[PDB]
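**Student:** Before I ask anything, let me first share the structure, which is written out below as structure tokens.
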Amino acid sequence: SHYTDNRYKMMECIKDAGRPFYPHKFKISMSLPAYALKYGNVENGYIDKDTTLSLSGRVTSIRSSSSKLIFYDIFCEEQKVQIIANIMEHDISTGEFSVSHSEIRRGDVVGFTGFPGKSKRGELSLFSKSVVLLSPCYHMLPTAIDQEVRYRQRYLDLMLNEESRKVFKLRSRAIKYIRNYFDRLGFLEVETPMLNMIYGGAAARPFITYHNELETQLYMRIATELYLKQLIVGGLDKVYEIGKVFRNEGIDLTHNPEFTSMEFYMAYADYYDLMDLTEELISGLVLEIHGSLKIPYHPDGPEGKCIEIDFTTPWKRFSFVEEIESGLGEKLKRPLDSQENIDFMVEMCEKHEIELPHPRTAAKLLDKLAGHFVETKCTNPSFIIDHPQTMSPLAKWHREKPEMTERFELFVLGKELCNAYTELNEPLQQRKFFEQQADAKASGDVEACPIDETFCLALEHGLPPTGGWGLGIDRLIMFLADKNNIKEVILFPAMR
Amino acid sequence: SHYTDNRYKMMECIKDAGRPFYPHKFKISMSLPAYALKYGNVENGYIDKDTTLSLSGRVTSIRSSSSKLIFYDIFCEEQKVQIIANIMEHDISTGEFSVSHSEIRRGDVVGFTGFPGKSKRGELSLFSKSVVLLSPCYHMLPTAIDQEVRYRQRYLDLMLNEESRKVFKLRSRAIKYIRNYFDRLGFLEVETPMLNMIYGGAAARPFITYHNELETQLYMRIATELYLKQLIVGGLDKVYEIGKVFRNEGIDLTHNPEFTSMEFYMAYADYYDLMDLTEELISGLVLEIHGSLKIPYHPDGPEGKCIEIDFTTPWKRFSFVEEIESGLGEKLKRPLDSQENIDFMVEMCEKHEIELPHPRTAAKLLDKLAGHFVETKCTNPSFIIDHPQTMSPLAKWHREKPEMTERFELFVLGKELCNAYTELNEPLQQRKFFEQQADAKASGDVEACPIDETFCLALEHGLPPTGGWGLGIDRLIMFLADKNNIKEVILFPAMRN
Ligand SMILES: N=[N+]=NCCOCCOCCOCCNC(=O)c1ccc(S(=O)(=O)Nc2cc(F)cc3c(=O)cc(C(=O)NCC4CCCCC4)oc23)cc1
Ligand SMILES: N=[N+]=NCCOCCOCCOCCNC(=O)c1ccc(S(=O)(=O)Nc2cc(F)cc3c(=O)cc(C(=O)NCC4CCCCC4)oc23)cc1
Ligand SMILES: N[C@@H](CCCC[NH3+])C(=O)O
Ligand SMILES: N[C@@H](CCCC[NH3+])C(=O)O
């Protein structure tokens with residue numbers, strides 16, 4: 001690009017001529033929002049020539065109306081201010097008017113000094129005496145924005161697209177709301193390690209790395225569960241953690257291998273308590289943001305249809321196995337993890353043209369059948385409940401239903417948002433389920449985790465009856481901000 | 001251990017007999033702190049037989065005073081309550097008194113139901129009618145806390161040691177205080193990626209991993225700086241991020257390869273602004289926690305001496321080069337990155353018995369000389385300022401001092417707490433500094449980073465004049481909580497197996 005090489009040449013020329021070259025410090029009189037709050041409502045043509053102010057922002061527009069008069073727009077902290085540069089007001093000690101303004105381009109970060117007020121046409125303005133080039137833009141900027149450029153050059157998206165800045169402000173506001181809710185209930189916010197000898201607490205492949213000091217391979221965490229439960233053994237009673245987890249899987253509209261999860265553990269809660277809390281927390285946050293529990297969603301982007309998501313509580317419950325059996329029009333075989341039921345579920349996947357998992361474990365077949373028959377019914381927030389033990393190695397046995405657990409998932413628009421259960425606190429069964437998971441792993445289940453003897457020893461010290469819970473923060477922001485691509489709610493998503 | 005196998009046998013016997021086996025839900029009437037607040041001021045011997053309450057906690061003490069009378073202490077949410085179990089009050093529908101209490105051991109998580117009040121001796125008590133075993137402890141618990149066990153089995157440390165629970169509560173309190181300070185200034189809290197094609201923004205070896213979907217090697221971040229600065233190009237004006245960084249270095253009292261850093265970027269700040277902010281933020285937090293700016297520290301653990309750290313402002317400033325030259329009694333050679341000055345610094349290291357770095361770059365030699373002559377003077381919070389450009393590839397040239405930058409580090413008790421500068425926003429020099437870093441890396445500098453063309457392209461879109469800043473959260477908690485081992489302020493530090 002000629003424009004880039006020429007801009008480097010003009011900056012070298014400015015430097016050699018002893019003209020202002022990347023000043024270290026520009027002292028603003030006030031922010032552009034403060035400027036608009038103070039002067040935004042003066043009458044048309046108002047000027048205070050007794051007040052000189054310094055303002056700064058990025059140039060969004062330059063219009064030289066005449067040889068004597070240049071109009072700028074500058075933008076900073078979500079406020080536009082017009083700058084009116086009249087040759088008659090120009091401070092010639094900064095250079096000749098034409099020379100000073102010839103150094104400025106659209107996209108440059110600049111300072112101005114001048115008098116406040118409003119143009120005769122009613123535009124909030126600074127009537128400038130000087131212009132200082134603080135940091136030039138070496139590229140011709142589009143006038144507006146190509147999802148690929150938006151994600152690979154996120155600074156361009158944020159510079160040019162108000163909608164993008166709104167999503168990240170909403171993300172921060174939602175995380176703050178969630179911390180406030182738990183902090184006021186007396187929860188302790190904690191950090192657990194991201195690099196560990198073992199990994200577990202979800203069904204995903206890990207990232208693997210090497211630690212020079214410990215001279216060992218380590219795994220990045222796929223979840224926080226196994227460490228957070230140790231803090232409940234430790235008596236901290238109520239803990240939460242919001243942070244990154246690393247699942248070495250696919251990239252698509254709803255998956256980013258690196259993503260933000262929240263988990264909390266509450267001593268003395270069961271999964272019934274956690275369903276009520278999920279409804280209160282999420283409906284409260286939706287109300288705070290939207291002013292009602294019925295909110296818009298564009299499942300095919302903003303050029304597509306608009307649907308309504310209804311967060312009115314209480315939410316629909318679907319029983320995992322019963323809803324599959326309704327879909328199939330016949331019963332799964334018992335026990336659910338019998339070879340008989342594995343063969344039957346393979347037959348049902350073939351009959352209903354459901355892609356088979358590998359390996360063909362009872363757990364992975366149940367998951368495929370749920371995906372086809374149950375998750376697809378979950379448009380409004382819906383709980384899928386009472387998952388089989390065989391697919392829920394850390395969930396406590398159901399107090400009424402053989403082979404099931406006290407588990408739920410929250411689904412919105414067919415996507416998982418939450419996963420929660422009455423925690424398994426019985427170490428004999430826990431060890432058995434970990435051995436079964438390790439067997440599935442050794443048979444080629446790349447999503448099954450190795451045994452964690454440190455965790456089993458922690459359970460042997462007595463985990464109180466406990467309820468635990470996870471939330472996908474990125475997926476939450478997708479619904480709250482109405483984005484159908486997870487890359488919209490992550491500042492720098494990893495790209496090909 | 002016989003004790004563990006026998007406890008598994010007792011639980012199997014309970015299960016087979018149809019007796020309570022890991023109840024799913026115990027409904028407490030109120031927390032133990034709420035119980036103490038409600039009944040803590042009744043007169044000695046008060047009992048309300050008209051009120052039945054359910055309480056739960058971990059058994060810290062069992063004393064069978066007689067065949068008819070058992071005293072328990074339970075603990076939950078930082079409150080102890082005594083349970084008085086008299087055979088005459090026992091609910092026989094839960095089993096015979098002897099059978100019900102025979103199932104309970106020190107360390108068990110249990111529920112009790114009973115009448116509230118106070119023993120004749122004045123002890124806050126529940127006069128129990130029933131006991132339920134909720135989650136047994138299969139191990140004989142030590143009566144008190146070994147560092148190794150405390151770190152490998154943190155649940156035992158937290159269960160038995162109030163001082164350990166206090167450290168983690170103080171850590172959460174300090175992080176909340178810091179978020180509040182920046183949130184009230186209009187900062188946006190952000191998340192930037194931990195797994196990237198490139199790494200940069202500090203001087204450390206990286207962790208390496210492999211991404212299945214992208215079919216590529218990636219690095220874990222060593223810092224957040226290069227992404228956060230792009231958000232200031234993006235016009236977000238004030239951003240911060242508190243999160244993990246991964247530096248594939250040593251483990252010692254003040255280093256954990258995985259640790260928590262905070263970075264912030266403020267448009268239109270310079271390093272003078274950031275020194276004043278550092279003083280206000282840190283002195284404010286110390287005052288909030290301690291009620292003064294002079295706080296105790298045990299540099300050799302609690303059996304050793306106690307010193308005082310004084311956070312009173314203004315903090316001492318040491319100029320990097322001038323303080324080295326005071327130490328040497330003579331001047332470094334100019335330019336600082338000349339072979340002449342490299343040879344001279346090697347001669348000075350040999351003269352003063354300072355261990356040489358490898359490779360012998362101007363930057364690494366300057367660092368060794370600072371470590372010997374300047375960092376050692378930093379007991380109270382002290383700013384080391386105006387670092388040479390050659391060791392500061394992302395710091396803007398000093399507006400007054402040739403070859404220096406607008407940089408500071410904050411040191412406390414000779415340890416780095418903060419690193420900050422007027423940000424370099426001139427892309428020609430930036431590219432040159434990155435090329436010099438890549439050269440140092442190819443010459444054997446394992447702490448020098450590869451060039452980041454994505455970052456250079458971002459600078460070509462115009463980074464406003466900016467001030468940026470990093471803080472080691474763990475090291476801050478070490479000073480605030482008076483711990484001399486970083487493993488004291490990290491819940492689960494990774495240990496040798
Ligand atoms: N092409 N090519 N070339 C290379 C050859 O291919 C090799 C690589 O294959 C990739 C294809 O993989 C297919 C098989 N794998 C899966 O189908 C799979 C999907 C999801 C999962 S997951 O663990 O249940 N979930 C998640 C996994 C993930 F990577 C990202 C997210 C995420 O961004 C958000 C959430 C979330 O917010 N979920 C909600 C929960 C709630 C409870 C707390 C945690 C979050 O969940 C996620 C596991 C496996
Ligand atoms: N035995 N054996 N086995 C195998 C053989 O051993 C091979 C391995 O060699 C180990 C020996 O390593 C010696 C060489 N390397 C260093 O000496 C070194 C030291 C520090 C650094 S560092 O990047 O400047 N700093 C930090 C690096 C680190 F790993 C942890 C921390 C930390 O826990 C906290 C802080 C902090 O709070 N610092 C403050 C800053 C402020 C600004 C923001 C960020 C934090 O800083 C840290 C880099 C290198
Ligand atoms: N670790 C779970 C979330 C918590 C489930 C209940 N303990 C997950 O990542 O899905
Ligand atoms: N990235 C730096 C902290 C910020 C320095 C100023 N931009 C470090 O880790 O030391």
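Each chain of the structure tokens is named A, B, ... in the order shown, its residues numbered from 1; ligands are numbered from 1 in display order.
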Where in segment 147-289 of chain A does DSSP assign helix (DSSP H, G or I), given as an MDAnalysis selection string?
**Tutor:** chainID A and resid 147:152 154:160 162:184 225:233 271:289
**Student:** So which residues are near ligand 3, meaning at most 9 Å away with only C-alpha atoms and all ligand atoms counted, given back as an MDAnalysis selection string?
**Tutor:** chainID A and resid 200:203 222:226 229 245 261:265 394:395 407:409 418:424 467:472
**Student:** Skip segment 453-462 of chain B itself and residues of its chain fewer than 5 positions away, then list as a ChimeraX atom specification all residues within 9 Å of it, counting only C-alpha atoms.
**Tutor:** /A:4,58,107-109,134-139,141,152-153,155-156 /B:226-227,229-230,233,425-428,430-431
**Student:** Find the residues near residue 426 of chain A: any atom within 8 Å, counting only C-alpha atoms, skip ones fewer than 5 places away on the same chain, and give them as a list in words.
**Tutor:**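 The residues that qualify are residues 459 of chain A; 22 and 135 of chain B.
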**Student:** Excluding residue 160 of chain B and any residue of its chain fewer than 2 positions from it, enumerate the residues within 8 Å of it, using only C-alpha atoms, and give them as a PyMOL selection string.
**Tutor:** chain B and resi 143-145+156-158+162
**Student:** I'd like to know which of B:19, B:290, B:496, B:179 is closest to chain A, using only C-alpha atoms.
**Tutor:** B:496
**Student:** 8 Å from ligand 4 is the threshold here; counting only C-alpha atoms and all ligand atoms, which polymer residues fall inside it? Answer as an mmCIF file with C-alpha atoms, in the first residue's frame.
**Tutor:**
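Done, and the output landed in selection27.cif:
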```cif
data_model
loop_
_atom_site.group_PDB
_atom_site.id
_atom_site.type_symbol
_atom_site.label_atom_id
_atom_site.label_comp_id
_atom_site.auth_asym_id
_atom_site.auth_seq_id
_atom_site.Cartn_x
_atom_site.Cartn_y
_atom_site.Cartn_z
ATOM 1 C CA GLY B 201 4.864 -8.885 26.645
ATOM 2 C CA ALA B 202 7.383 -10.139 29.267
ATOM 3 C CA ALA B 203 10.794 -11.907 29.614
ATOM 4 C CA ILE B 222 3.251 -14.979 29.552
ATOM 5 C CA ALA B 223 1.473 -11.566 29.795
ATOM 6 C CA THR B 224 -1.743 -9.801 28.591
ATOM 7 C CA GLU B 225 -0.027 -6.586 27.324
ATOM 8 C CA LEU B 226 -0.019 -7.173 23.508
ATOM 9 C CA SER B 261 -1.188 -10.938 37.158
ATOM 10 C CA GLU B 263 -2.666 -5.468 33.784
ATOM 11 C CA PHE B 264 -4.430 -2.197 32.964
ATOM 12 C CA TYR B 265 -4.113 0.253 30.040
ATOM 13 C CA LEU B 394 7.688 -1.969 24.614
ATOM 14 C CA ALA B 395 8.425 1.148 26.748
ATOM 15 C CA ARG B 407 9.352 2.896 32.841
ATOM 16 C CA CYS B 418 4.701 -3.859 39.519
ATOM 17 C CA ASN B 419 6.046 -3.076 36.048
ATOM 18 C CA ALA B 420 4.683 -0.080 34.110
ATOM 19 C CA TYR B 421 5.476 2.483 31.392
ATOM 20 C CA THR B 422 4.419 5.179 29.009
ATOM 21 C CA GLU B 423 3.545 2.760 26.159
ATOM 22 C CA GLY B 467 0.047 4.336 30.222
ATOM 23 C CA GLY B 468 0.050 0.607 31.052
ATOM 24 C CA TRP B 469 0.798 -1.345 34.210
ATOM 25 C CA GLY B 470 1.139 -4.836 35.667
ATOM 26 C CA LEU B 471 0.854 -6.147 39.246
#
```
**Student:** With a distance cut-off of 10 Å and only C-alpha atoms, select the neighbouring residues of segment 168-185 of chain A, excluding the residue or stretch itself and same-chain residues fewer than 4 positions from it, and output the selection as JSON, numbers by chain.
**Tutor:** {"A": [158, 163, 164, 189, 238, 239, 240, 241, 242, 262, 264, 281, 282, 284, 285, 286, 288, 289, 473, 474, 476, 477, 478, 480, 481, 488, 489, 490, 491], "B": [176, 179, 183, 188, 189, 190, 191, 236]}
**Student:** Export, as a CSV table (one decimal), in the first residue's frame, the selected residues with N, CA, C and O atoms.
**Tutor:**
```
chain,number,residue,atom,x,y,z
A,158,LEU,N,-13.9,-2.6,16.9
A,158,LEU,CA,-14.2,-1.8,18.1
A,158,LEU,C,-14.1,-0.3,17.7
A,158,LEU,O,-14.9,0.5,18.2
A,163,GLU,N,-22.0,-1.4,17.8
A,163,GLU,CA,-22.6,-2.7,18.2
A,163,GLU,C,-21.6,-3.6,18.9
A,163,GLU,O,-21.9,-4.3,19.8
A,164,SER,N,-20.4,-3.7,18.3
A,164,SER,CA,-19.3,-4.5,18.9
A,164,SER,C,-18.9,-4.0,20.3
A,164,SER,O,-18.9,-4.9,21.2
A,189,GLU,N,-15.0,-15.9,46.3
A,189,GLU,CA,-14.5,-16.0,44.9
A,189,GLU,C,-13.1,-16.6,45.0
A,189,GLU,O,-12.2,-16.0,45.7
A,238,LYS,N,-19.3,-22.1,50.7
A,238,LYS,CA,-19.9,-21.4,49.4
A,238,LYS,C,-18.7,-20.9,48.6
A,238,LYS,O,-18.1,-19.9,49.2
A,239,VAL,N,-18.4,-21.5,47.5
A,239,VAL,CA,-17.2,-21.0,46.7
A,239,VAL,C,-17.7,-20.8,45.2
A,239,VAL,O,-18.6,-21.6,44.8
A,240,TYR,N,-17.1,-19.9,44.5
A,240,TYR,CA,-17.3,-19.8,43.0
A,240,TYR,C,-16.0,-19.4,42.4
A,240,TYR,O,-15.2,-18.7,43.0
A,241,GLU,N,-16.0,-19.7,41.1
A,241,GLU,CA,-14.8,-19.3,40.2
A,241,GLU,C,-15.4,-19.1,38.8
A,241,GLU,O,-16.1,-19.9,38.2
A,242,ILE,N,-15.0,-17.9,38.3
A,242,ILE,CA,-15.3,-17.5,36.8
A,242,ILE,C,-13.9,-17.5,36.1
A,242,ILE,O,-13.1,-16.7,36.5
A,262,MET,N,-18.2,-20.6,34.6
A,262,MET,CA,-18.4,-20.3,36.0
A,262,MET,C,-18.8,-21.6,36.7
A,262,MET,O,-19.7,-22.3,36.1
A,264,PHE,N,-20.0,-23.0,40.8
A,264,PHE,CA,-20.1,-22.7,42.2
A,264,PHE,C,-20.5,-24.0,42.9
A,264,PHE,O,-21.1,-24.9,42.3
A,281,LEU,N,-31.5,-16.4,39.4
A,281,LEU,CA,-30.3,-15.7,39.0
A,281,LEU,C,-30.5,-15.2,37.5
A,281,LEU,O,-30.3,-14.1,37.2
A,282,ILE,N,-30.8,-16.2,36.6
A,282,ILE,CA,-30.8,-15.9,35.2
A,282,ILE,C,-32.1,-15.1,34.8
A,282,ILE,O,-31.9,-14.1,34.1
A,284,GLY,N,-33.5,-12.9,36.8
A,284,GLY,CA,-33.1,-11.6,37.4
A,284,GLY,C,-32.2,-10.8,36.4
A,284,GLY,O,-32.3,-9.6,36.2
A,285,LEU,N,-31.2,-11.5,35.9
A,285,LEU,CA,-30.2,-10.9,35.0
A,285,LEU,C,-30.9,-10.4,33.7
A,285,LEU,O,-30.6,-9.4,33.2
A,286,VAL,N,-31.7,-11.3,33.1
A,286,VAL,CA,-32.5,-11.0,31.9
A,286,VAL,C,-33.3,-9.8,32.2
A,286,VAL,O,-33.3,-8.8,31.3
A,288,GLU,N,-32.9,-7.4,34.4
A,288,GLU,CA,-32.0,-6.2,34.6
A,288,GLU,C,-31.6,-5.6,33.2
A,288,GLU,O,-31.5,-4.4,33.1
A,289,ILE,N,-31.3,-6.5,32.3
A,289,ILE,CA,-30.7,-6.1,31.0
A,289,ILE,C,-31.9,-5.6,30.1
A,289,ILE,O,-31.7,-4.6,29.4
A,473,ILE,N,-20.4,-18.9,30.3
A,473,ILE,CA,-20.5,-17.4,30.3
A,473,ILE,C,-20.7,-16.9,28.8
A,473,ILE,O,-21.5,-16.1,28.6
A,474,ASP,N,-19.9,-17.5,27.9
A,474,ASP,CA,-19.9,-17.0,26.5
A,474,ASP,C,-21.3,-17.2,26.0
A,474,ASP,O,-21.9,-16.3,25.3
A,476,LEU,N,-24.1,-17.6,27.6
A,476,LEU,CA,-25.1,-16.6,28.2
A,476,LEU,C,-25.1,-15.3,27.5
A,476,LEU,O,-26.2,-14.8,27.2
A,477,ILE,N,-23.9,-14.7,27.2
A,477,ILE,CA,-23.8,-13.4,26.5
A,477,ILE,C,-24.4,-13.6,25.1
A,477,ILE,O,-25.1,-12.6,24.7
A,478,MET,N,-24.2,-14.7,24.4
A,478,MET,CA,-24.8,-14.9,23.1
A,478,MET,C,-26.4,-14.6,23.2
A,478,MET,O,-26.9,-13.8,22.4
A,480,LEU,N,-28.1,-13.1,25.7
A,480,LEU,CA,-28.4,-11.7,26.3
A,480,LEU,C,-28.2,-10.6,25.2
A,480,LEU,O,-28.9,-9.6,25.3
A,481,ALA,N,-27.2,-10.7,24.4
A,481,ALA,CA,-26.7,-9.7,23.4
A,481,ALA,C,-27.3,-10.0,22.0
A,481,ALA,O,-27.0,-9.2,21.1
A,488,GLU,N,-18.6,-13.5,18.4
A,488,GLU,CA,-19.1,-12.1,18.6
A,488,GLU,C,-18.9,-11.7,20.1
A,488,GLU,O,-18.9,-10.5,20.4
A,489,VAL,N,-18.7,-12.7,21.0
A,489,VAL,CA,-18.7,-12.3,22.5
A,489,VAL,C,-17.4,-12.6,23.1
A,489,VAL,O,-17.3,-12.4,24.3
A,490,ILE,N,-16.4,-13.0,22.3
A,490,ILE,CA,-15.0,-13.2,22.7
A,490,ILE,C,-14.1,-12.1,22.0
A,490,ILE,O,-14.2,-12.1,20.8
A,491,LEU,N,-13.4,-11.3,22.7
A,491,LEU,CA,-12.6,-10.2,22.1
A,491,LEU,C,-11.7,-10.8,21.0
A,491,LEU,O,-11.7,-10.3,19.9
B,176,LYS,N,-11.4,-7.9,45.2
B,176,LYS,CA,-12.6,-7.2,45.1
B,176,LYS,C,-12.4,-5.7,45.3
B,176,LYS,O,-13.0,-4.9,44.5
B,179,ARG,N,-10.9,-4.4,41.9
B,179,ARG,CA,-11.9,-4.3,40.9
B,179,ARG,C,-12.7,-3.1,41.1
B,179,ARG,O,-13.0,-2.3,40.2
B,183,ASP,N,-13.2,-0.2,38.5
B,183,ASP,CA,-14.6,-0.1,38.0
B,183,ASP,C,-15.2,1.3,38.2
B,183,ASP,O,-15.8,1.9,37.3
B,188,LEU,N,-13.2,-0.9,31.9
B,188,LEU,CA,-13.9,-2.1,31.4
B,188,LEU,C,-13.0,-3.4,31.7
B,188,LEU,O,-11.8,-3.4,31.3
B,189,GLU,N,-13.6,-4.3,32.4
B,189,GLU,CA,-12.9,-5.6,32.8
B,189,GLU,C,-13.0,-6.5,31.6
B,189,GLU,O,-14.1,-6.8,31.1
B,190,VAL,N,-11.9,-7.0,31.1
B,190,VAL,CA,-11.9,-7.8,29.8
B,190,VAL,C,-11.2,-9.1,30.0
B,190,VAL,O,-10.4,-9.3,30.9
B,191,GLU,N,-11.4,-10.0,29.0
B,191,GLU,CA,-10.7,-11.3,28.9
B,191,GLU,C,-10.0,-11.4,27.6
B,191,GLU,O,-10.7,-11.1,26.5
B,236,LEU,N,-11.4,1.6,23.5
B,236,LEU,CA,-12.1,1.2,24.8
B,236,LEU,C,-11.5,2.1,25.9
B,236,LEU,O,-12.2,2.1,27.0
```
**Student:** Taking the backbone alone, and naming residues the way the document does, which bits of segment 296-341 of chain B are strand (DSSP E) by DSSP, as a list in words?
**Tutor:**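 Output for segment 296-341 of chain B, strand (DSSP E) only: residues 296, 297, 307, 308, 309, 310, 316, 317, 318 and 319 of chain B.
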**Student:** Would you mind exporting the chosen residues as a PDB file, in the first residue's frame, restricted to N, CA, C and O atoms?
**Tutor:**
```
ATOM      1  N   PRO B 296       3.398  -5.397  59.551  1.00  0.00           N
ATOM      2  CA  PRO B 296       4.408  -6.376  59.923  1.00  0.00           C
ATOM      3  C   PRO B 296       4.739  -7.339  58.787  1.00  0.00           C
ATOM      4  O   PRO B 296       3.890  -7.630  57.951  1.00  0.00           O
ATOM      5  N   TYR B 297       5.971  -7.817  58.782  1.00  0.00           N
ATOM      6  CA  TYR B 297       6.397  -8.899  57.869  1.00  0.00           C
ATOM      7  C   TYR B 297       7.432  -9.770  58.567  1.00  0.00           C
ATOM      8  O   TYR B 297       8.338  -9.227  59.212  1.00  0.00           O
ATOM      9  N   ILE B 307       9.804  -7.589  60.866  1.00  0.00           N
ATOM     10  CA  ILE B 307      10.165  -6.224  60.390  1.00  0.00           C
ATOM     11  C   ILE B 307       8.894  -5.422  60.128  1.00  0.00           C
ATOM     12  O   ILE B 307       7.768  -5.970  60.189  1.00  0.00           O
ATOM     13  N   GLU B 308       9.071  -4.143  59.867  1.00  0.00           N
ATOM     14  CA  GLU B 308       7.964  -3.238  59.492  1.00  0.00           C
ATOM     15  C   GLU B 308       8.153  -2.806  58.035  1.00  0.00           C
ATOM     16  O   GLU B 308       9.235  -2.361  57.701  1.00  0.00           O
ATOM     17  N   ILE B 309       7.127  -2.959  57.198  1.00  0.00           N
ATOM     18  CA  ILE B 309       7.079  -2.347  55.841  1.00  0.00           C
ATOM     19  C   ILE B 309       6.255  -1.067  55.940  1.00  0.00           C
ATOM     20  O   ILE B 309       5.087  -1.127  56.376  1.00  0.00           O
ATOM     21  N   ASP B 310       6.839   0.045  55.517  1.00  0.00           N
ATOM     22  CA  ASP B 310       6.207   1.383  55.556  1.00  0.00           C
ATOM     23  C   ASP B 310       5.745   1.765  54.147  1.00  0.00           C
ATOM     24  O   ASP B 310       6.592   2.034  53.272  1.00  0.00           O
ATOM     25  N   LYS B 316      10.010   6.147  47.822  1.00  0.00           N
ATOM     26  CA  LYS B 316      11.378   6.375  47.308  1.00  0.00           C
ATOM     27  C   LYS B 316      11.412   6.106  45.799  1.00  0.00           C
ATOM     28  O   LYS B 316      10.790   5.125  45.332  1.00  0.00           O
ATOM     29  N   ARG B 317      12.141   6.931  45.064  1.00  0.00           N
ATOM     30  CA  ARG B 317      12.467   6.633  43.643  1.00  0.00           C
ATOM     31  C   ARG B 317      13.970   6.419  43.525  1.00  0.00           C
ATOM     32  O   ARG B 317      14.707   7.202  44.114  1.00  0.00           O
ATOM     33  N   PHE B 318      14.374   5.375  42.809  1.00  0.00           N
ATOM     34  CA  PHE B 318      15.787   5.136  42.405  1.00  0.00           C
ATOM     35  C   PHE B 318      15.851   5.199  40.884  1.00  0.00           C
ATOM     36  O   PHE B 318      15.114   4.426  40.227  1.00  0.00           O
ATOM     37  N   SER B 319      16.698   6.067  40.322  1.00  0.00           N
ATOM     38  CA  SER B 319      16.992   6.020  38.874  1.00  0.00           C
ATOM     39  C   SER B 319      17.870   4.801  38.562  1.00  0.00           C
ATOM     40  O   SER B 319      18.955   4.673  39.169  1.00  0.00           O
TER      41      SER B 319
END
```
**Student:** Between atom CA of residue 55 of chain A and atom CA of residue 113 of chain A, what is the distance in Å, rounded to a tenth?
**Tutor:** 6.5 Å
**Student:** Which residues form the shell of 9 Å around ligand 2 when you count only C-alpha atoms and all ligand atoms, given as a VMD selection string?
**Tutor:** (chain A and resid 211 to 215) or (chain B and resid 202 to 205 222 to 223 245 to 263 409 to 411 415 to 420 447 469 to 476 486)
**Student:** Please write the residues from the selection above to a file, keeping C-alpha atoms, as a short mmCIF file (atom, residue, chain, number, x, y, z; two decimals), in the first residue's frame.
**Tutor:**
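Output file part.cif is given in full below:
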```cif
data_model
loop_
_atom_site.label_atom_id
_atom_site.label_comp_id
_atom_site.auth_asym_id
_atom_site.auth_seq_id
_atom_site.Cartn_x
_atom_site.Cartn_y
_atom_site.Cartn_z
CA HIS A 211 6.51 -27.96 32.93
CA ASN A 212 10.33 -27.40 32.91
CA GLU A 213 10.73 -27.16 36.77
CA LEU A 214 8.47 -30.17 37.67
CA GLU A 215 9.98 -32.04 34.63
CA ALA B 202 7.38 -10.14 29.27
CA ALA B 203 10.79 -11.91 29.61
CA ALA B 204 10.14 -15.61 30.34
CA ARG B 205 10.10 -19.06 28.72
CA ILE B 222 3.25 -14.98 29.55
CA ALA B 223 1.47 -11.57 29.80
CA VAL B 245 -0.12 -16.08 33.17
CA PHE B 246 2.24 -19.02 32.59
CA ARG B 247 6.04 -18.52 32.87
CA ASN B 248 7.95 -21.82 32.40
CA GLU B 249 10.62 -20.90 35.03
CA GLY B 250 11.53 -22.05 38.59
CA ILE B 251 9.55 -22.78 41.79
CA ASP B 252 10.78 -21.01 44.96
CA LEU B 253 9.42 -18.84 47.83
CA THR B 254 8.47 -16.00 45.36
CA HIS B 255 7.93 -17.84 42.00
CA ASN B 256 5.12 -20.16 40.81
CA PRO B 257 5.21 -20.79 37.02
CA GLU B 258 1.39 -20.37 37.03
CA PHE B 259 0.53 -17.08 38.79
CA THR B 260 -2.03 -14.27 38.79
CA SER B 261 -1.19 -10.94 37.16
CA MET B 262 -3.26 -7.83 36.74
CA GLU B 263 -2.67 -5.47 33.78
CA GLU B 409 9.15 -1.19 38.55
CA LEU B 410 7.73 -1.25 42.07
CA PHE B 411 9.90 -3.32 44.48
CA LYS B 415 10.91 -8.34 45.09
CA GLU B 416 9.15 -7.03 41.96
CA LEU B 417 5.44 -6.14 42.54
CA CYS B 418 4.70 -3.86 39.52
CA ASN B 419 6.05 -3.08 36.05
CA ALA B 420 4.68 -0.08 34.11
CA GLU B 447 13.53 -15.21 27.78
CA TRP B 469 0.80 -1.34 34.21
CA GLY B 470 1.14 -4.84 35.67
CA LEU B 471 0.85 -6.15 39.25
CA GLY B 472 1.77 -9.53 40.69
CA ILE B 473 -1.39 -10.34 42.68
CA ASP B 474 0.18 -13.31 44.57
CA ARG B 475 3.18 -11.23 45.70
CA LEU B 476 0.83 -8.42 46.84
CA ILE B 486 3.92 -17.77 47.54
#
```
**Student:** Might you pull out every residue within 8 Å of residue 120 of chain A, with only C-alpha atoms counted and same-chain residues fewer than 3 positions away left off, and present them as a list in words?
**Tutor:**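 Listed by chain and then number, they are residues 44, 45, 46 and 123 of chain A.
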